Structures are given as structure tokens and as C-alpha cells.
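Below is one structure, written out as C-alpha cells; the observations come after it.
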Amino acid sequence: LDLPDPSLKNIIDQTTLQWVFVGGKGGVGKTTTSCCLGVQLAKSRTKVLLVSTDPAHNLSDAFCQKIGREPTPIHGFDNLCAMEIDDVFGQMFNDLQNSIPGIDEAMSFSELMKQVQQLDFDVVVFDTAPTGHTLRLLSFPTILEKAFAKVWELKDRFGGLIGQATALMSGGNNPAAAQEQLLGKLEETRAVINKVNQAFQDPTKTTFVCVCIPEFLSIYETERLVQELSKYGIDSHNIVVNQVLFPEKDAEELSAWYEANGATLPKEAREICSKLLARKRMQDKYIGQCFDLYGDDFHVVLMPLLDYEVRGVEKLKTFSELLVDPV
Amino acid sequence: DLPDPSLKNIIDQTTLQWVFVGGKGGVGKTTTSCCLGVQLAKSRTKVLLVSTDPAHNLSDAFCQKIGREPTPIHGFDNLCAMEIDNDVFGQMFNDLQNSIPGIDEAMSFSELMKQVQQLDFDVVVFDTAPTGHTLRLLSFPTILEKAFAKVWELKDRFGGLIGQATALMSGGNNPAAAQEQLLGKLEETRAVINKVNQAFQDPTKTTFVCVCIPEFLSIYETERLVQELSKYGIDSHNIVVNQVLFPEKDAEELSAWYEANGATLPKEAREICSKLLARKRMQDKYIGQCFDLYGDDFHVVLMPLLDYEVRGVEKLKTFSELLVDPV
């Protein structure tokens, strides 16, 4: 068969990329794959930044180095930085936060995008939260529009009280001035997120990498994420199937060898081979399902399951080579 | 001519089963709720107080540790208080929580309502969270319907994948059985909340008490809450304006005395009198605004601002006496 290369080398080749997002369900290796992509991009690119919106501090444990809320240069690299992210006006803002769930996340994302675009980097890798939170990250514009419409509805409906009280309170508690400031903050956030989305819908600058493992839940969340990215016009052409058991041998070669030499093995080795072969068959079924869903338009990169955790700078550097050009 | 400036209509309506107390933070929701409970303990055979306020303000109010389950109030025979704080099914539930924000609060409220309705009390007073969270509490049926529609949409879209994986996995990890179990849990929650909401729209059984203070923000949140209760068919006819400065005299007497003897007071007495007069003028303006918005259809109960915090059983008894039969 002729298919796209089973590696993430196309990410390194496309030198015009500015946003590289890495998504997937929790526990599939999002942080490790993101760190390896950052390590690989640090070679060709002048400046590379890694941004983690995962609530935990998995970036610090991954790089075996304390990573701050601001850019922290990665030990052993000259151009690789990391970053981990966790009164009338005030009352109206709290009413808006309570009425429209997700507006605070939208404003936090807007502030983060402004800070990152002002940090001036050539490429930013994005270790996102699990799929569920990334879907809200993608649905942010509808939340901003609902916030605008909620503010307008509140103004229209309570204009009588707002104007009658505007006469009373003085100084910096005018309900109309505070309401206009809330509208202006919503407008700032919406403009920032609109420019960011215009940059995101350009496959020249933005792409998405989906990480999964040969199990039902991971592939299901990967399909959810792919369909949502397709809906919102965000490009994705890389699926990383991690923790693959023995990505070199087939289930058939070793199954035949075992069927030919079954009675020659001790009880223990025979049980271990049988368990390993069964898990390999299940993983092969799920990899075939992946190749059915994708493969035509996606680079499917298979990564071997390792005994040790891929932590530390040197181990990550060695694993990135397995990521970008396999055996 | 106006309705009686007291909450005595709450005690008179013997058919009431749910008495909700809402308002902005710091206006005295907990104090008013505890006083209403103390007063209902006289006429009713058994009275329960339920606090959904995130903090543990009930314990500080009663000056006594109140548990997560009903704890009989010291010194009362019929007054109890209460303060309220891989896996395929879990993954689908998390997808629902991420897609529909507020479904977990809806299920928690359903469990709380089932527990309270099984505790069997004659009347339950409900110290709710600040206004925004009560407004979220009111939209629960729509949120449950949106959750149902999300589960059905996911079922329709991914039925092929779900059945194809059902063919594979064994035992109690069927994705289709898990989806049906999620639907059944949603149905349980929706039935409980439907019974509760049918009970809420009956003025025979449910009424709302709005607590506020003579300031703009409190009156604005009170108006929001009243309009939302009107939209959602929940009855409210009691506004409690708490922390009123000097509820006995009018704006004229002390102002006239001071303007006749202004230059005769020492610096300290003159400063305190001036601050008091300004506070009284502002409070009178906002109380007039309250009487403009309501009074025609609402019992407006004015409560005096006290130097001490209304903690302890005796202070609660005196504040309840000022609440149900004023001076």
C-alpha cells in the first residue's frame, strides 16, 4: 500500500506552522508526545514554546524540571521554552459569569492568546486538556455571542431600574458606564478570539495532532475530536496511536510460531505468550479500526509501549526520534 | 394603604411546604432563613432548614455545629438544620458534563430534593446560594432536556461505532448498555426534578422571600430574581429590606436638628452625624426605589441595622420577632 508516512515528520517539514495543537483523552500520552514534538521543533525552528492548559502540572514531571506559569527555558535546549497554565461592574460581571457558563474560560483563553502572541515565538505546541475541555475551547464563539445577547437582554429588560438608579449613585458606579465597560470587555475578548480563530483555520499556520491508544474509549474520543475540528474548520492530519504492543511483529507470524511450538514451552512462558498475543490481537483490531476511519487522509504514527516512563530530557530526546522517523 | 410590613403571611399560609430565601451575598439570607425557621417552629409540627450556600454560614449563625444531615437545633423541639456540600459509563458521563454545563448540579439538586422529600417535614426553609446560582437552579428542567438530547444525538451519530465495539468487549462494559444506563440515570433525575418543579409552580406549596439591602446592587439582583421567578411561574410576594439604618425616624427630624445645631458639635460628633445623614439619605432613596418597584403586590419588611452580628439563638429570636410582627 501507498499511504502517508507513519511519522510526524510532515509537521517538521511544514516550516510555516505557528500553532501545533496536541489533543486526546487523558492518559494516552498527550504530555509526552507534546514534549517530544517541542523537542523536535526546537532543532529547525529559531524559537519554540510549549503551552500546557492541562489542569495538572504534568509538564514539570515530564521534563523533570520545574516549569513556571511564565516561559521557562528547557534544560539542555537554547531555543525551547515551556509554560504551564492551570461595584456595579463587578456585580454585573458576576451575573454574566453565572448566567453564561464558559465566559470566564473564554476570557482566560483570550488573555492567554494575547500573552502568547506578544511573547513572539516561531511555533507554539499546545498540550491541551482532555477532549471534553477542548470541545468547549472550540465552542467559545457561541458562548461569547450568548454573553453579548445576555448583556443586551439584561439592559433592555432592566433599563427602567438601571436608568432610575443611574440618577442616584455617583462616581464610578454608573450602571450604564459599567454596563458599557462590560460590553467593551466582551468585545475585546471576541475580537481577540476572532483573530485567533482566523489564524487557527489556516492549515498553513495551525494543525492538530490527535493522540490515542488501541482501546475503544481513546478511539471514540479521537473521532469526536476529529469531527469537531472538521466542523470548526481546523486542520488535522496526524493520528498518534501510542503504547502499541510490539509495533514490529504481526499477530499472525507469532501466532503461527506459537501454534507450532505451544507444547514445547513451560507453563509460565506459555501463559505469558498467550496473554501477550491476546492483547496484541485486541490492539490490532483497534488499529485496523483506526486505519478504517483514517489513513486515507491522516498520518498514522504507531508508538511502542515502554516499560519506563518517558521522563527526563534525554529519554524524551530519544523518544522523539522514534516519533518523527520510525524504524 | 399597603400590605402588612411583615412576613406573617408566610406563617399564616399553612399550606406552604417550600419557602425559599434568595438574594445577593451579605444581605442576610442566612439570618432571615434561620428566623423564618424559628418562627415556623412555633406553628408547624416539624420544620427543616436546608442550606445550599457554599460556605458553612449556618453553623456560625446558630453558634453550633450543624451536620451534613439534619441536626436538631439546640433548644427547639421541631427545628432541624442541614448544610450541603477505563470506565465507559464514566467517560460518557464526563462527555455529558463537558457538553452540558450544569447537569451535575441538576443531579445533586435532584438527590437533595429526594432526600428532603423522604425526610418528611411539614415545612422546609431554603437558604439558597447567591442570586446567580439560584437562577441556574431554576433552569434545571431545560438543562436535563438538553442533556437528554445530547445523549440521543451522540447515540444517533455513533450508533455504528458503539455497536461495533459492543460486539468486542465483554461483561459490564458494553458501550450501548452504558449509554442506556446514562439515559436511565437522566430519566430518574428528570422525574425527580419534574415532581419538584411541579411542586414549585404551586403557590399553595412554594413561595419565595427576597432579601436585599438599601443599595443599588441588591435591589438590581432582587429585580432580576423576581422577574426570573415570574417567568418560571414561581410565586414571590415578600421582600425583606435588611440592615435599614434607623427604621423609626424619617429623613427629616435628625437632619433638621443637626442643621439647627451643626456648628455646635465637636469634630467627632459632627463627622459621625454627617456620615450617618449621608448613609440615611442614600438608604431612603433606595428604599423609595424598592417601594416603587414593589409594595403593590409584595410585603415589604424593613429590618434595622444592628451593631452586633445576629448570631446565637437569642439574637435570632429577637430578629424573628422583629421579622414577623414589627414595631
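Ligands are numbered from 1 in the order shown, chains are lettered A, B, ... in the order of the C-alpha cells, and residues start at 1 in each chain.
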
What parts of segment 79-288 of chain B does DSSP call strand (DSSP E)? I'd like the answer as a VMD selection string. chain B and resid 79 to 83 123 to 127 206 to 212 236 to 244

Would you mind exporting C-alpha atoms of the selected residues as a JSON list (two decimals), in the first residue's frame?
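Dumped to selection_37.json:
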```json
[["chain", "number", "residue", "atom", "x", "y", "z"],
["B", 79, "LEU", "CA", -36.47, 22.59, 64.17],
["B", 80, "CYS", "CA", -33.72, 20.72, 62.33],
["B", 81, "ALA", "CA", -30.94, 22.16, 60.18],
["B", 82, "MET", "CA", -28.80, 20.79, 57.37],
["B", 83, "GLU", "CA", -25.78, 22.01, 55.39],
["B", 123, "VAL", "CA", -42.17, 22.98, 56.00],
["B", 124, "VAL", "CA", -38.65, 23.41, 54.62],
["B", 125, "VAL", "CA", -36.87, 26.77, 54.54],
["B", 126, "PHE", "CA", -34.21, 27.00, 51.84],
["B", 127, "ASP", "CA", -31.18, 29.28, 52.30],
["B", 206, "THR", "CA", -43.97, 27.13, 47.33],
["B", 207, "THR", "CA", -43.17, 30.81, 47.82],
["B", 208, "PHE", "CA", -40.04, 32.95, 47.61],
["B", 209, "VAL", "CA", -38.64, 35.53, 50.03],
["B", 210, "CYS", "CA", -36.25, 38.11, 48.55],
["B", 211, "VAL", "CA", -33.71, 39.65, 50.93],
["B", 212, "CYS", "CA", -31.94, 42.87, 50.00],
["B", 236, "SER", "CA", -42.86, 35.57, 45.40],
["B", 237, "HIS", "CA", -44.67, 38.20, 47.48],
["B", 238, "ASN", "CA", -42.20, 39.05, 50.27],
["B", 239, "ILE", "CA", -39.28, 41.49, 50.06],
["B", 240, "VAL", "CA", -37.07, 41.81, 53.15],
["B", 241, "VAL", "CA", -35.02, 45.02, 53.13],
["B", 242, "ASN", "CA", -32.40, 44.24, 55.77],
["B", 243, "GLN", "CA", -29.82, 46.40, 57.57],
["B", 244, "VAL", "CA", -32.01, 49.51, 57.34]]
```

Give me the residues near residue 97 of chain A as number ranges by chain, where near means some atom within 12 Å (using only C-alpha atoms) and where sequence neighbours in that chain fewer than 4 positions away do not count. A: 90-93, 101-107, 143-144, 146-148, 150-151, 182, 186; B: 131-133, 135-136

Could you pull out the residues in segment 66-172 of chain A that DSSP calls helix (DSSP H, G or I) from the backbone, as a short mmCIF file (atom, residue, chain, number, x, y, z; two decimals) with C-alpha atoms, in the first residue's frame?
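Everything below was put into states.cif:
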```
data_model
loop_
_atom_site.label_atom_id
_atom_site.label_comp_id
_atom_site.auth_asym_id
_atom_site.auth_seq_id
_atom_site.Cartn_x
_atom_site.Cartn_y
_atom_site.Cartn_z
CA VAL A 88 -21.73 47.78 39.71
CA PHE A 89 -19.34 46.47 37.05
CA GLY A 90 -18.20 43.61 39.29
CA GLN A 91 -21.76 42.62 40.16
CA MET A 92 -22.87 42.66 36.51
CA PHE A 93 -19.76 40.67 35.57
CA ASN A 94 -20.63 38.07 38.21
CA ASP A 95 -24.21 37.94 36.90
CA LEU A 96 -22.82 37.31 33.41
CA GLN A 97 -20.46 34.61 34.68
CA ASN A 98 -23.32 32.87 36.49
CA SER A 99 -25.78 33.20 33.59
CA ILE A 103 -17.43 33.03 29.52
CA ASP A 104 -14.66 33.05 32.14
CA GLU A 105 -12.87 30.29 30.23
CA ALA A 106 -13.25 32.37 27.06
CA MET A 107 -11.72 35.45 28.70
CA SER A 108 -8.88 33.39 30.18
CA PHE A 109 -8.16 31.90 26.75
CA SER A 110 -8.25 35.39 25.20
CA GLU A 111 -5.74 36.70 27.75
CA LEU A 112 -3.52 33.66 27.21
CA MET A 113 -3.61 34.11 23.43
CA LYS A 114 -2.72 37.80 23.75
CA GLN A 115 0.21 36.96 26.04
CA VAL A 116 1.45 34.19 23.73
CA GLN A 117 1.17 36.34 20.60
CA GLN A 118 3.11 39.08 22.41
CA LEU A 119 5.80 36.65 23.62
CA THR A 131 -11.03 16.19 24.79
CA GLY A 132 -14.07 17.44 26.71
CA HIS A 133 -12.49 20.76 27.65
CA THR A 134 -11.00 21.23 24.18
CA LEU A 135 -14.51 20.93 22.73
CA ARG A 136 -15.58 23.92 24.84
CA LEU A 137 -12.39 25.69 23.76
CA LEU A 138 -13.69 25.17 20.21
CA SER A 139 -17.27 26.23 21.05
CA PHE A 140 -16.10 29.51 22.68
CA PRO A 141 -17.58 31.80 19.95
CA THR A 142 -21.15 30.67 20.63
CA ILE A 143 -20.55 31.35 24.33
CA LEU A 144 -19.30 34.86 23.54
CA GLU A 145 -22.36 35.52 21.38
CA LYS A 146 -24.64 34.28 24.15
CA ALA A 147 -22.83 36.58 26.59
CA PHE A 148 -23.35 39.56 24.27
CA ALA A 149 -27.03 38.69 23.86
CA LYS A 150 -27.43 38.20 27.62
CA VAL A 151 -25.94 41.62 28.34
CA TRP A 152 -28.22 43.20 25.73
CA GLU A 153 -31.26 41.38 27.15
CA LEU A 154 -30.41 42.50 30.69
CA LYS A 155 -30.01 46.10 29.53
CA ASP A 156 -33.31 46.10 27.62
CA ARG A 157 -35.31 44.34 30.35
CA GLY A 159 -33.44 49.63 31.59
CA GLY A 160 -36.10 51.23 33.77
CA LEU A 161 -34.38 50.28 37.02
CA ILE A 162 -30.92 50.96 35.55
CA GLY A 163 -31.84 54.48 34.45
CA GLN A 164 -33.73 55.24 37.66
CA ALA A 165 -30.73 54.15 39.75
CA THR A 166 -28.20 55.82 37.42
#
```

Counting only C-alpha atoms, which residue out of A:37, A:213, A:310, A:234 sits closest to residue 7 of chain A?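 With only C-alpha atoms as the atom set, the closest residue is A:37.
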
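One finds atom CA of residue 71 of chain B at 12.2 Å from atom CA of residue 119 of chain B.
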
Name the residues in contact with residue 67 of chain A at a cut-off of 12 Å, using only C-alpha atoms, excluding same-chain residues fewer than 2 positions from it; report them as an mmCIF file with C-alpha atoms, in the first residue's frame.
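As written to disk, result38.cif reads:
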```cif
data_model
loop_
_atom_site.group_PDB
_atom_site.id
_atom_site.type_symbol
_atom_site.label_atom_id
_atom_site.label_comp_id
_atom_site.auth_asym_id
_atom_site.auth_seq_id
_atom_site.Cartn_x
_atom_site.Cartn_y
_atom_site.Cartn_z
ATOM 1 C CA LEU A 50 5.274 24.731 24.783
ATOM 2 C CA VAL A 51 1.999 25.716 26.475
ATOM 3 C CA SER A 52 0.126 23.327 28.776
ATOM 4 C CA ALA A 56 -2.276 19.299 36.495
ATOM 5 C CA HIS A 57 1.433 20.172 36.348
ATOM 6 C CA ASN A 58 2.376 17.225 34.142
ATOM 7 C CA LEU A 59 4.872 19.320 32.153
ATOM 8 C CA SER A 60 7.192 19.612 35.162
ATOM 9 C CA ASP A 61 7.126 15.865 35.822
ATOM 10 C CA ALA A 62 7.593 15.171 32.100
ATOM 11 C CA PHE A 63 10.654 17.387 31.640
ATOM 12 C CA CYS A 64 11.935 16.528 35.155
ATOM 13 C CA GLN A 65 12.279 20.266 35.766
ATOM 14 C CA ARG A 69 3.377 29.909 34.751
ATOM 15 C CA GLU A 70 5.680 32.069 32.583
ATOM 16 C CA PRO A 71 8.136 30.810 29.938
ATOM 17 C CA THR A 72 10.901 28.695 31.479
ATOM 18 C CA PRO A 73 13.784 27.628 29.195
ATOM 19 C CA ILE A 74 14.036 23.845 28.941
ATOM 20 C CA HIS A 75 17.264 22.418 30.355
ATOM 21 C CA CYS A 81 10.747 27.206 26.428
ATOM 22 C CA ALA A 82 7.876 25.749 28.447
ATOM 23 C CA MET A 83 4.855 27.212 30.218
ATOM 24 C CA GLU A 84 2.073 25.626 32.278
ATOM 25 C CA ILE A 85 -1.375 27.197 32.710
#
```

Chain A contacts on chain B, only C-alpha atoms, 10 Å, as a ChimeraX atom specification: /B:24,86-88,91-92,94-102,130-136,154,158,161-162,164-166,168-169,175,215-221,223-224,227,282,285-286,289,292-293

Can you check which parts of segment 176-248 of chain B lie within 12 Å of segment 109-115 of chain B? Per residue, the shortest pair of atoms and distance in Å to one decimal, counting only C-alpha atoms, sorted by chain and number, as a Markdown table.
```
| residue | atom | partner | partner_atom | distance |
| --- | --- | --- | --- | --- |
| B:185 | CA | B:110 | CA | 11.1 |
| B:186 | CA | B:110 | CA | 10.5 |
| B:187 | CA | B:110 | CA | 11.2 |
| B:188 | CA | B:110 | CA | 8.9 |
| B:189 | CA | B:110 | CA | 5.8 |
| B:190 | CA | B:110 | CA | 8.1 |
| B:191 | CA | B:110 | CA | 9.0 |
| B:192 | CA | B:110 | CA | 6.0 |
| B:193 | CA | B:110 | CA | 5.7 |
| B:194 | CA | B:110 | CA | 9.5 |
| B:195 | CA | B:113 | CA | 9.6 |
| B:196 | CA | B:113 | CA | 7.2 |
| B:197 | CA | B:113 | CA | 10.4 |
| B:199 | CA | B:113 | CA | 11.1 |
| B:200 | CA | B:113 | CA | 11.7 |
```
